[PDB]
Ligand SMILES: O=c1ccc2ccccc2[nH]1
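Starting off, we have a lone chain in the form solved without ligand OCH, written out as structure tokens.
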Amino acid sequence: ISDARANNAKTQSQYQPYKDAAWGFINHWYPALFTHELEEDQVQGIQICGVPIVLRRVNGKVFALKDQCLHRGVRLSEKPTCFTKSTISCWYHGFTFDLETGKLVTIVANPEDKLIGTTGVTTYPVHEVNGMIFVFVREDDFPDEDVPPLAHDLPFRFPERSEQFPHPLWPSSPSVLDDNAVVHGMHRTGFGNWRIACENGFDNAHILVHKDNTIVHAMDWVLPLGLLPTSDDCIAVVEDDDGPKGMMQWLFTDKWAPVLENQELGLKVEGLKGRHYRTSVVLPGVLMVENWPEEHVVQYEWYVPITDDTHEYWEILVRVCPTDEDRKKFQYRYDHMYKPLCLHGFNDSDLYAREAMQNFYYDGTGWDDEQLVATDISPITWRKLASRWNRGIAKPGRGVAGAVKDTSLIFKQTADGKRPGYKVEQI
């Protein structure tokens, strides 16, 4: 280990909380499911930051509760059983909970037991908007009154912040919160810790990973060997109380210069061609790529922790569609252009890159022995701000799926060919 690395002892001590958050940052908003994944009266189970969650849509409204019966720990979502519009019951003995408050309102097989009403399961605030269902995954004792607005855990908004983050080279990127904003995309279970996936999301220099992508050649692009910071303020950190906590990278400005050659290897690029775009990231780990893949379109990504070694990788493209014609045009171009060539053709390569790093980090080795460099100012800055502003560090799961990794149930599923997942399989 060289003393010339960027991550010296002092620096590493500045992001200890981040090193400690393998299970994720709790008390934050996370995308749970696309709207189309939960129709009226549908019930679905998932897991975020190690917390088992079950959601149900009733009268058009989505509710979320901990997917764990108080009686004997059964997952309510495995066999959806609801007797009324305001409740959900456990399919084993009938412990029943109120969707709104999570209170144990009754027990099917024992309506007069003294336990009824004296406790209940945890509730998680929900915010559904433009095809996205967000859930505020919080600790059991996080007060309702303390729940912040969804916008605080979503990327910076434009043109609201165009003045703060000037972008003369491209039109304003829409937000999932914008009126008539349309979302198209997917989320796939990723194998490995969420942190490693997230940092890959906004890495500025990994051309080798995408050099062979079809889109790069179809568009006749000529990528740079890399991008390096020219000054200390190449990244702007935002920490105000009313707004998202993250960093904005001044791409396509003077603060970031493209590398066109490597004298040692005899490499040299000329006539660079490409796209104008800009990446930024905010807590709990949300990427925004302005002007990608095309003008007026934007890409957002999440790397939602499920357990400490699996995450749900979200990729969505957003575009405001005023008319019905606009929606059809966006849907069509997504289906035969963006989805195959970008969300897949471009980003699938990132998957192998992320998995390739996991072994160095899981047992803790990489978090100490990695040898970061000048370009790593990006991830380092992110780790520091994340350590300073996260609303909590999730505790390891206990008495839930993922608490123990080598159970006979997991071997049974693996023998059956089932990979680690996200959505709970129903009976």
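Take the two forms, superpose them, and find the largest set of C-alpha atoms that agree within 1.5 Å; that set is the rigid core. Numbering starts at 1 and follows the sequence shown.
What comes next is about the form deposited with ligand OCH bound, which is not displayed.
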Q: Using the pose of ligand OCH in the deposited complex, placed onto this unliganded form by C-alpha superposition round the site, state open if no ligand atom is within 2.4 Å of a backbone or C-beta atom and blocked if 3 or more are.
A: open
Q.
Only one of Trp256, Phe142, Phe191, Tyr277 gets a heavy atom within 4.5 Å of ligand OCH in the deposited complex. Which one?
A. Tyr277
Q | One residue of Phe136, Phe330, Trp302, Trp292 in contact with ligand OCH, assessed in the deposited complex (non-hydrogen atom, 4.5 angstroms) | A | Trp292
Q: Quick one: find which of 178-186, 333-341, 263-271, 282-290 has residues within 4.5 Å of ligand OCH in the deposited complex by heavy atom distance.
A: 282-290
Q | ligand OCH contact in the deposited complex: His217, any heavy atom under 4.5 Å | A | no
Q | in the deposited complex, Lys85 touching ligand OCH (heavy atom, 4.5 Å) | A | no
Q.
I'd like to know if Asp203 sits close to ligand OCH in the deposited complex, meaning any non-hydrogen atom pair within 4.5 angstroms.
A. yes
Q: Give a yes or no for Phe346: in the deposited complex, does one of its heavy atoms lie within 4.5 Å of a heavy atom belonging to ligand OCH?
A: yes
Q. Where among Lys273, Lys329, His217, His71 does the Cα move by 2 Å or more between this form and the one not shown after the core is superposed?
A. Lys273
(Q) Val238: after superposing the rigid core, is there a C-alpha shift of 2 Å or more between this form and the one not shown? (A) no
Q: Examine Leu341 after superposing the rigid core and state whether its CA is displaced by 2 Å or more between this form and the one not shown.
A: no
Q. Comparing between this form and the one not shown on the rigid core, is the C-alpha shift at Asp113 2 Å or larger?
A. no
Q) Versus the form shown, are the CA atoms of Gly271 and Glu295 closer or farther apart in the deposited complex, given a shift of 3 angstroms or more? A) closer
Q: Just say closer or farther for the C-alpha distance from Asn213 to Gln263 in the deposited complex, relative to the shown form; it changes by 3 Å or more.
A: closer
